[PDB]
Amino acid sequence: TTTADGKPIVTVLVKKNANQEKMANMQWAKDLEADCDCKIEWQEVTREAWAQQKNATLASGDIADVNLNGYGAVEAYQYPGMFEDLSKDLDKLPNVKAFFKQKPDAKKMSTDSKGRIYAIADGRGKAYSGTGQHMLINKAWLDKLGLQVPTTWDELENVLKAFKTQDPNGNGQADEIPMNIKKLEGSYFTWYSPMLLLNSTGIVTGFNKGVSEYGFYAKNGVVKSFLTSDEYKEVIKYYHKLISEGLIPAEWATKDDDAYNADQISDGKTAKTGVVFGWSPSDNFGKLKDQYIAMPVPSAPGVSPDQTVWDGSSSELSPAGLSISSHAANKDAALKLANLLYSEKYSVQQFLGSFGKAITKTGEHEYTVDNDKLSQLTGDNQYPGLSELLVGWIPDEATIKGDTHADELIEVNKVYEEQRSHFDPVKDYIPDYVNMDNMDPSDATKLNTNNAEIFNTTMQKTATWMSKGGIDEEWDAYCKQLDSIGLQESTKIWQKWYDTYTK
């Protein structure tokens, strides 16, 4: 557990994206080792490789000293005595204390109801504080056709019929896809889900992560499932009207993500798609980006602009970034390494790569990204850091120039500030620190068991209703069936955890 020079050896498991450079080639990782005065043995695992390797490792009983995006806190309860309770070590983690002070939601994410800290959250910076979900529309097409951004479901339908029939890309072909939507996944609502139209009805979604991807929401302090809501039924009928009218592709429900995205990107010369949910004009439309803007979501019938909401997610904080083995050979070195990961120097470098590579430090808290370089490195599968898999935090005092992914986010998020102000982030949104990873293992187990029954046929039935109709007839039996297999139990369990963390 010790070098020849007597430096402590620290094993560190680290989850990676496939497009990333190896830890051994990252200068910041060597700097970190030198600052810690230890030897780091990196164990690099991709998102997909880890999914197979994980439970085998916990069953094994043999975990790395420091673990980056390896485990969540509930696992410390599933395998007693495996993980260090970091709440007893905060004096050795001044950078973590600083993180908790500036971002109290990260403290709450990191601390369970017993006050223990088994897995510390991470943050990507205030530039990512808004939602990752947006609704994008071809503004050039609207201009060309002499139409306004629609503000109701009826106006939206009229705009889509105009996209369908008036050839707004000018090529003479009836090739326009008025609105394109992602297929449903079997077990959760996805990023950019067509169910983002729930916000039209006054129900706040949070599809970046957490509870609302299983169909839960809150209003006035009471947790509900939208799976059995009139609102969910109205969204599905509205989609059926659109699909039935040829305004969304017939084959949407079976179309793979790659083909779906290629629809929007087209050939980079002729725009094909009028409306999608997505990140940004640039991310979703590439070279065609100048034709597109983000729009506020249209209101559903009976729903006032004041009552119309937008997705309540934040892209900044992420739970379960850092965990430390209770059996760490060199515990003090482990803590020293973890504290350094949460310093600005190493948090920024984890995020955007080593200084001098694709990012330069221009001041004490100021950095400039060289975008050509970052894109080239990414293309070559040599991204110089951990990017969104950073375990650390970008402090508010840091100003980063040239993070295009952040800059585009900032611009589209301006569009949603009004609608997002229309809900209470506590009473009308189940906060991100209320998640299955912050519960008793017995409660998590119930929720997972129920989820397998709830999402046995729900997405399939939802897709079929959207495509083929028939919801009115089948709705009552569908709801009773969901309630009979544990939906109301799940709702009650989420209510309890919501109240524990919130009330």
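Start at 1 with the first residue shown and count on from there.
| Between 372-380 and 429-437 (mean CA B-factor, as deposited), the higher | Per the PDB entry, the higher value belongs to 372-380.
Report task. Using only the Cα atoms and their B-factors as the entry lists them, report which of 472-480 and 53-61 averages higher. Result -> Comparing 472-480 with 53-61, the higher average CA B-factor belongs to 53-61.
**Prompt:** Which is it among 315, 220, 421, 87: the one with the largest CA B-factor in the entry?
**Reply:** Highest C-alpha B-factor among the listed residues goes to 87.
Report the option among 161, 182, 241, 269 whose CA atom has the maximum B-factor in the deposited record. Highest C-alpha B-factor among the listed residues goes to 269.
Chain thirds of CA B-factor: placement of residue 112 = Highest third of the chain for residue 112's C-alpha B-factor.
Is residue 442 in the lowest, middle or highest third of its chain when residues are ranked by C-alpha B-factor? For residue 442, the deposited C-alpha B-factor lands in the highest third.
### Message
Ranking the modelled residues of this chain by C-alpha B-factor as given in the entry, is residue 456 in the lowest, middle or highest third?
### Response
Highest third of the chain for residue 456's C-alpha B-factor.
message: How does the C-alpha B factor of residue 305 compare with the rest of the chain: lowest, middle or highest third?
response: Within its chain, residue 305 is a middle-third residue by C-alpha B-factor, going by the deposited values.
Residue 285's Cα B-factor: lowest, middle or highest third of the chain? According to the entry, residue 285 has a C-alpha B-factor in the chain's middle third.
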